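File shown here: entry25.cif, holding mmCIF, C-alpha atoms and all ligand atoms.
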```
data_upload
loop_
_atom_site.label_atom_id
_atom_site.label_comp_id
_atom_site.auth_asym_id
_atom_site.auth_seq_id
_atom_site.Cartn_x
_atom_site.Cartn_y
_atom_site.Cartn_z
CA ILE H 1 4.58 -73.34 99.57
CA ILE H 2 8.06 -74.55 100.68
CA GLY H 3 9.25 -72.63 103.72
CA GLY H 4 7.36 -69.35 104.24
CA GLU H 5 4.57 -68.81 106.76
CA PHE H 6 0.92 -69.73 107.14
CA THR H 7 -1.27 -66.79 106.25
CA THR H 8 -5.02 -66.36 105.95
CA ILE H 9 -7.11 -65.21 102.99
CA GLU H 10 -7.21 -61.63 104.39
CA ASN H 11 -3.52 -61.07 103.42
CA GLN H 12 -4.15 -62.38 99.88
CA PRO H 13 -7.89 -61.73 99.34
CA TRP H 14 -7.53 -61.98 95.55
CA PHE H 15 -6.46 -65.63 95.96
CA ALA H 16 -8.86 -68.19 94.48
CA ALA H 17 -9.12 -71.93 95.15
CA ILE H 18 -10.05 -74.01 92.12
CA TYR H 19 -11.36 -77.57 92.60
CA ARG H 20 -12.45 -80.36 90.16
CA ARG H 21 -15.60 -82.55 90.65
CA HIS H 22 -14.77 -86.28 90.30
CA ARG H 23 -17.39 -88.77 89.13
CA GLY H 24 -17.77 -90.77 92.39
CA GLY H 25 -18.89 -87.60 94.24
CA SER H 26 -15.27 -86.83 95.26
CA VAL H 27 -13.86 -83.27 94.91
CA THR H 28 -10.08 -82.62 94.89
CA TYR H 29 -8.15 -79.34 94.70
CA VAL H 30 -6.70 -78.48 91.28
CA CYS H 31 -4.87 -75.17 91.35
CA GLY H 32 -4.92 -71.63 92.67
CA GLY H 33 -5.94 -68.39 90.99
CA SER H 34 -6.11 -64.59 91.34
CA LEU H 35 -9.31 -62.52 91.04
CA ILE H 36 -8.38 -59.76 88.55
CA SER H 37 -11.91 -58.36 88.25
CA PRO H 38 -15.25 -59.19 89.90
CA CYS H 39 -16.26 -61.77 87.27
CA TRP H 40 -12.77 -63.01 86.41
CA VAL H 41 -10.27 -65.35 87.97
CA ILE H 42 -6.90 -65.65 86.23
CA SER H 43 -4.98 -68.95 86.66
CA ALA H 44 -2.56 -71.13 84.65
CA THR H 45 -3.63 -73.31 81.70
CA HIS H 46 -1.83 -76.57 82.66
CA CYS H 47 -4.13 -76.97 85.63
CA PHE H 48 -6.99 -77.57 83.16
CA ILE H 49 -5.35 -79.06 80.05
CA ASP H 50 -6.14 -82.73 80.88
CA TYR H 51 -9.74 -81.97 81.88
CA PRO H 52 -10.85 -78.94 79.83
CA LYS H 53 -14.57 -79.06 80.74
CA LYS H 54 -15.62 -75.89 82.60
CA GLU H 55 -18.57 -77.71 84.24
CA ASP H 56 -16.10 -79.88 86.33
CA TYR H 57 -14.74 -76.90 88.23
CA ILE H 58 -15.60 -74.88 91.28
CA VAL H 59 -13.90 -71.66 92.33
CA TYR H 60 -13.89 -70.52 95.93
CA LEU H 61 -12.91 -67.02 96.98
CA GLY H 62 -12.35 -65.89 100.59
CA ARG H 63 -11.09 -69.36 101.52
CA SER H 64 -8.16 -69.80 103.96
CA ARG H 65 -8.62 -73.59 104.33
CA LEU H 66 -8.32 -76.35 101.73
CA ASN H 67 -11.09 -78.78 102.87
CA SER H 68 -12.96 -76.93 105.57
CA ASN H 69 -15.07 -73.84 105.30
CA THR H 70 -13.81 -70.31 105.93
CA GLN H 71 -16.32 -67.71 107.22
CA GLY H 72 -16.37 -65.22 104.36
CA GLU H 73 -16.11 -67.61 101.40
CA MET H 74 -18.19 -67.58 98.22
CA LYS H 75 -18.46 -70.64 95.95
CA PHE H 76 -18.59 -70.28 92.12
CA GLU H 77 -19.34 -72.15 88.92
CA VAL H 78 -17.13 -71.63 85.87
CA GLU H 79 -19.13 -69.96 83.11
CA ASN H 80 -16.08 -69.61 80.86
CA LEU H 81 -12.86 -71.65 80.92
CA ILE H 82 -10.49 -69.93 78.54
CA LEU H 83 -7.17 -71.67 78.10
CA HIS H 84 -4.44 -70.08 76.01
CA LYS H 85 -4.51 -71.39 72.41
CA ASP H 86 -0.73 -71.44 71.87
CA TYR H 87 -0.07 -73.25 75.20
CA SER H 88 2.55 -75.98 74.96
CA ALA H 89 4.54 -77.99 77.45
CA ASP H 90 7.84 -79.75 77.04
CA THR H 91 10.16 -81.61 79.37
CA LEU H 92 9.84 -78.92 81.99
CA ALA H 93 8.73 -75.67 80.54
CA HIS H 94 5.14 -74.74 80.02
CA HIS H 95 4.56 -71.91 77.61
CA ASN H 96 1.77 -69.39 77.42
CA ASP H 97 0.73 -71.02 80.63
CA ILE H 98 -2.14 -68.73 81.48
CA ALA H 99 -5.84 -69.47 81.98
CA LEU H 100 -8.98 -67.38 82.56
CA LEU H 101 -12.08 -68.48 84.40
CA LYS H 102 -15.15 -66.29 84.33
CA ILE H 103 -17.07 -67.01 87.54
CA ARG H 104 -20.77 -66.96 88.44
CA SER H 105 -22.68 -68.06 91.52
CA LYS H 106 -25.54 -70.46 90.90
CA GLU H 107 -27.49 -67.27 91.89
CA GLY H 108 -25.96 -65.32 88.96
CA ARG H 109 -23.82 -62.96 91.06
CA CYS H 110 -20.07 -62.36 90.59
CA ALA H 111 -17.44 -61.72 93.29
CA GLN H 112 -18.68 -59.16 95.82
CA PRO H 113 -15.61 -57.64 97.65
CA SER H 114 -15.25 -58.15 101.39
CA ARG H 115 -12.84 -58.46 104.30
CA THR H 116 -11.75 -61.73 102.68
CA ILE H 117 -12.42 -61.11 98.93
CA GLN H 118 -10.78 -58.35 96.81
CA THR H 119 -9.54 -57.84 93.21
CA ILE H 120 -5.85 -57.53 92.26
CA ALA H 121 -4.37 -55.09 89.77
CA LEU H 122 -2.78 -56.19 86.52
CA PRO H 123 0.44 -54.36 85.57
CA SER H 124 0.85 -51.93 82.66
CA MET H 125 1.97 -53.35 79.29
CA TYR H 126 5.56 -54.59 79.71
CA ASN H 127 5.80 -53.06 83.20
CA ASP H 128 7.44 -55.45 85.70
CA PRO H 129 9.74 -54.70 88.65
CA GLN H 130 13.52 -54.94 88.22
CA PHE H 131 15.50 -58.07 89.12
CA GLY H 132 16.17 -58.56 92.86
CA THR H 133 12.79 -57.09 93.88
CA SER H 134 10.89 -58.93 96.60
CA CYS H 135 7.53 -60.51 95.78
CA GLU H 136 4.81 -62.66 97.35
CA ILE H 137 3.76 -66.16 96.29
CA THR H 138 0.71 -67.88 97.77
CA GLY H 139 -1.11 -71.19 97.74
CA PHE H 140 -2.07 -74.60 99.07
CA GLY H 141 0.84 -76.28 97.26
CA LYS H 142 3.04 -78.73 99.09
CA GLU H 143 5.26 -77.75 102.06
CA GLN H 144 7.92 -80.08 100.61
CA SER H 145 8.11 -81.71 97.12
CA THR H 146 8.14 -85.23 98.56
CA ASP H 147 4.84 -85.02 100.50
CA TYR H 148 1.61 -86.72 99.47
CA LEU H 149 -0.70 -84.13 101.01
CA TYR H 150 -1.47 -80.43 100.69
CA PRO H 151 -1.61 -78.04 103.63
CA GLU H 152 -5.07 -77.51 105.03
CA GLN H 153 -4.02 -73.89 105.64
CA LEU H 154 -3.08 -71.34 102.99
CA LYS H 155 0.64 -70.52 102.86
CA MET H 156 2.68 -67.57 101.57
CA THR H 157 6.35 -66.74 101.19
CA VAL H 158 8.73 -64.12 99.75
CA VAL H 159 11.12 -64.49 96.80
CA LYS H 160 13.48 -62.25 94.84
CA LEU H 161 13.03 -61.77 91.09
CA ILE H 162 15.76 -63.21 88.92
CA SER H 163 16.78 -61.47 85.68
CA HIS H 164 16.37 -63.51 82.53
CA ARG H 165 20.09 -62.98 82.02
CA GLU H 166 20.63 -64.84 85.31
CA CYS H 167 17.76 -67.34 84.86
CA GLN H 168 19.01 -68.49 81.47
CA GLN H 169 22.41 -69.60 82.67
CA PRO H 170 22.82 -73.23 81.75
CA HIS H 171 23.59 -73.51 85.38
CA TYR H 172 19.93 -72.80 85.97
CA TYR H 173 17.30 -73.55 83.34
CA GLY H 174 19.11 -72.04 80.42
CA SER H 175 17.31 -72.07 77.12
CA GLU H 176 13.87 -73.09 78.39
CA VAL H 177 13.04 -69.71 80.01
CA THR H 178 11.48 -67.31 77.48
CA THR H 179 10.89 -63.55 77.76
CA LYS H 180 7.22 -64.40 78.40
CA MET H 181 8.32 -66.23 81.57
CA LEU H 182 9.69 -64.76 84.82
CA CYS H 183 12.08 -66.24 87.37
CA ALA H 184 11.74 -65.71 91.11
CA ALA H 185 13.44 -67.51 94.00
CA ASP H 186 15.12 -67.12 97.38
CA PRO H 187 18.83 -66.24 97.54
CA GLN H 188 19.32 -69.11 100.03
CA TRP H 189 17.36 -71.72 97.91
CA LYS H 190 15.11 -72.70 100.86
CA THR H 191 11.67 -71.21 100.03
CA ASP H 192 9.66 -71.53 96.80
CA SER H 193 6.31 -72.58 95.47
CA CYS H 194 5.77 -76.28 94.89
CA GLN H 195 3.24 -78.50 93.25
CA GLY H 196 -0.25 -77.25 93.61
CA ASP H 197 0.75 -73.64 94.04
CA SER H 198 0.30 -73.44 90.21
CA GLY H 199 -2.09 -70.80 88.91
CA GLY H 200 -1.26 -68.71 91.96
CA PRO H 201 -0.10 -65.12 92.19
CA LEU H 202 3.44 -63.78 92.24
CA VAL H 203 2.73 -60.31 93.59
CA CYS H 204 5.13 -57.34 93.61
CA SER H 205 4.87 -53.74 94.77
CA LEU H 206 4.45 -51.72 91.57
CA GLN H 207 3.47 -48.00 91.52
CA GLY H 208 2.68 -48.25 95.29
CA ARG H 209 -0.02 -50.84 94.53
CA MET H 210 -0.03 -54.65 94.77
CA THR H 211 0.31 -55.94 91.19
CA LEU H 212 -0.09 -59.42 89.72
CA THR H 213 3.40 -59.74 88.32
CA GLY H 214 3.21 -63.50 87.74
CA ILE H 215 1.33 -66.80 87.62
CA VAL H 216 3.00 -69.86 89.21
CA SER H 217 4.00 -72.02 86.24
CA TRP H 218 6.86 -74.43 86.70
CA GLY H 219 10.17 -75.28 88.27
CA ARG H 220 12.44 -78.27 88.75
CA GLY H 221 11.53 -79.63 92.13
CA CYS H 222 10.43 -77.37 94.88
CA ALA H 223 13.16 -74.98 96.26
CA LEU H 224 16.50 -76.53 95.15
CA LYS H 225 19.81 -75.08 94.03
CA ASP H 226 20.05 -73.53 91.51
CA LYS H 227 16.62 -73.95 89.97
CA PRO H 228 14.29 -70.99 90.58
CA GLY H 229 10.52 -70.86 90.43
CA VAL H 230 9.32 -69.86 86.94
CA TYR H 231 6.16 -67.81 86.47
CA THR H 232 4.02 -66.68 83.55
CA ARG H 233 4.88 -62.99 83.00
CA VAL H 234 1.52 -61.21 83.24
CA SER H 235 2.66 -57.90 81.65
CA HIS H 236 3.26 -59.60 78.28
CA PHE H 237 -0.25 -61.13 78.08
CA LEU H 238 -2.45 -58.05 78.60
CA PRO H 239 -3.79 -58.04 75.02
CA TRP H 240 -4.83 -61.69 75.55
CA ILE H 241 -6.26 -60.88 79.01
CA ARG H 242 -8.04 -57.68 77.85
CA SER H 243 -9.37 -59.32 74.69
CA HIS H 244 -10.70 -62.39 76.51
CA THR H 245 -12.22 -60.40 79.43
CA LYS H 246 -13.61 -57.84 76.90
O1 LIG O 301 2.71 -77.69 85.80
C1 LIG O 301 3.30 -78.14 86.81
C2 LIG O 301 4.20 -77.27 87.59
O2 LIG O 301 4.35 -75.99 87.19
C3 LIG O 301 4.89 -77.82 88.80
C4 LIG O 301 5.85 -76.93 89.55
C5 LIG O 301 7.19 -77.35 89.55
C6 LIG O 301 8.20 -76.61 90.17
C7 LIG O 301 7.91 -75.40 90.79
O3 LIG O 301 8.92 -74.68 91.39
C8 LIG O 301 6.59 -74.95 90.79
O4 LIG O 301 6.32 -73.77 91.40
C9 LIG O 301 5.56 -75.70 90.16
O5 LIG O 301 4.68 -79.15 89.12
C10 LIG O 301 3.82 -79.99 88.40
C11 LIG O 301 3.65 -81.33 88.80
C12 LIG O 301 2.79 -82.18 88.09
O6 LIG O 301 2.62 -83.47 88.48
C13 LIG O 301 2.10 -81.72 86.96
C14 LIG O 301 2.27 -80.40 86.54
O7 LIG O 301 1.60 -79.95 85.44
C15 LIG O 301 3.12 -79.54 87.26
#
```
What would you get if you wrote out this structure as structure tokens?
Amino acid sequence: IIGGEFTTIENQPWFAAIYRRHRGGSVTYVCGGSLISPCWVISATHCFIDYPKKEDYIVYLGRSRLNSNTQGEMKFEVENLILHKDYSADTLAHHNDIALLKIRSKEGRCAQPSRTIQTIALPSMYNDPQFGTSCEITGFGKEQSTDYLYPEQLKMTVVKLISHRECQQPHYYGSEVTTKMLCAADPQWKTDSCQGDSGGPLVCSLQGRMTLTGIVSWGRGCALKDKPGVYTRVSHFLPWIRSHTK
């Protein structure tokens, strides 16, 4: 996360840390996620598109640190790695950029809620907040685009939603933002998600309840005028979510 504060997993207990096993024993971080139900993490498909083998991946819940162990964390195998079928990526945009990982401990158990692990609510069909509403992004993505390292500590920040009418100005991203996407950024252009925050939750207050309003998807750069963060619009994918978690 560019700008914003350091948080811990207790402020974003639904957050999920997805890593990939590499063949010389090494294990790097891949992307973030959100736990939408006990057995189900929801992330973004581009995180997995080059390496689509579920057996490569590990999910951690209740994890505030990127490469050291948080007291509370549970480690998971990926039983199912569902990527969206009609996913496609162009110069910038990524479309239908939404993944689902069913999780299971080597012991068989799913996510058991705790001080540091909780589920997050999905919105109603086509039920987002209005433009200009403040929302929370979270992850281990870079503190500045140009770095070559991720933060060891989990970060969060706040951003305002940007109407599609405003997002689609050629000034911004123009054509490339569909109605299945969602634009959020800071007024001042100084805080945003960045690389490696992908798959992570854009969370807005909806019906007096924290709701997964987006998945971190793409942007040009990290936090630069006048290019907002773009997020997969969760409300428009509930049939796909409900059908594949069925
Ligand atoms: O898929 C990707 C993605 O979405 C982002 C990104 C860009 C701008 C943002 O504002 C943002 O939040 C994320 O960077 C990437 C960098 C890569 O090397 C590969 C990718 O696949 C992505």
- So which residues touch residue 214 of chain H within 6 Å, counting only C-alpha atoms, skipping near sequence neighbours fewer than 6 positions away, as a count of residues only? 6
Kindly assemble as a tab-separated table a list of the chain H residues that lie within 6 Å of ligand LIG 301 (chain O), each paired with its nearest atom pair and their distance in Å to one decimal, using all atoms listed in the file, sorted first by chain and then by ascending residue number.
```
residue	atom	partner	partner_atom	distance
H:46	CA	O:LIG301	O7	5.6
H:193	CA	O:LIG301	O4	4.2
H:194	CA	O:LIG301	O4	4.3
H:195	CA	O:LIG301	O5	4.4
H:198	CA	O:LIG301	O2	5.7
H:216	CA	O:LIG301	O4	5.6
H:217	CA	O:LIG301	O2	4.1
H:218	CA	O:LIG301	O2	3.0
H:219	CA	O:LIG301	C6	3.0
H:220	CA	O:LIG301	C6	4.8
H:221	CA	O:LIG301	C6	4.9
H:222	CA	O:LIG301	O3	4.7
H:229	CA	O:LIG301	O3	4.3
```
- Please provide the set of residues having any atom within 9 Å of segment 135-151 of chain H, restricted to all atoms listed in the file, with same-chain residues fewer than 2 positions apart removed, written as a PyMOL selection string. chain H and resi 1-4+7+12+15-17+29+31-33+65-66+133+153-161+184+192-205+213-214+216+221-223
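Considering only C-alpha atoms, the residue among H:207, H:8, H:130, H:191 positioned nearest to residue 64 of chain H is H:8.
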- Close residues, residue 116 of chain H itself excluded, 9 Å, all atoms listed in the file, min 3 positions apart in chain, as JSON, numbers by chain: {"H": [8, 9, 10, 11, 12, 13, 14, 61, 62, 63, 64, 71, 72, 73, 113]}
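Between residue 42 of chain H and the candidates H:224, H:117, H:206, H:215, the tightest atom-to-atom separation, counting all atoms listed in the file, involves H:215.
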- Message: Just the number, please: distance in Å from atom CA of residue 163 of chain H to atom CA of residue 85 of chain H, one decimal.
- Response: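 Interatomic distance, atom CA of residue 163 of chain H to atom CA of residue 85 of chain H: 27.0 Å.
Atom CA of residue 41 of chain H lies 5.9 Å from atom CA of residue 100 of chain H.
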- Which residue gives the smallest distance to residue 122 of chain H among H:26, H:21, H:35, H:167, with all atoms listed in the file counted?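 Ranking H:26, H:21, H:35, H:167 by distance to residue 122 of chain H, first place goes to H:35.
Across the model, the gap from atom CA of residue 77 of chain H to atom CA of residue 238 of chain H is 24.3 Å.
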- Among listed residues H:230, H:183, H:89, H:83, nearest residue 51 of chain H (using all atoms listed in the file): H:83
- Task: Could you check which of H:131, H:173, H:19, H:240 is closest to residue 60 of chain H, using all atoms listed in the file?
- Result: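 Going through H:131, H:173, H:19, H:240 one by one, the smallest distance to residue 60 of chain H is for H:19.
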- One residue among H:190, H:22, H:171, H:242 is nearest to residue 37 of chain H when using only C-alpha atoms, and that residue is H:242
- Which polymer residues, protein or nucleic acid, are no farther than 12 Å from (-7.5, -59.1, 81.6), counting all atoms listed in the file, as a ChimeraX atom specification? /H:34-43,82,98-102,119-125,212,234-246
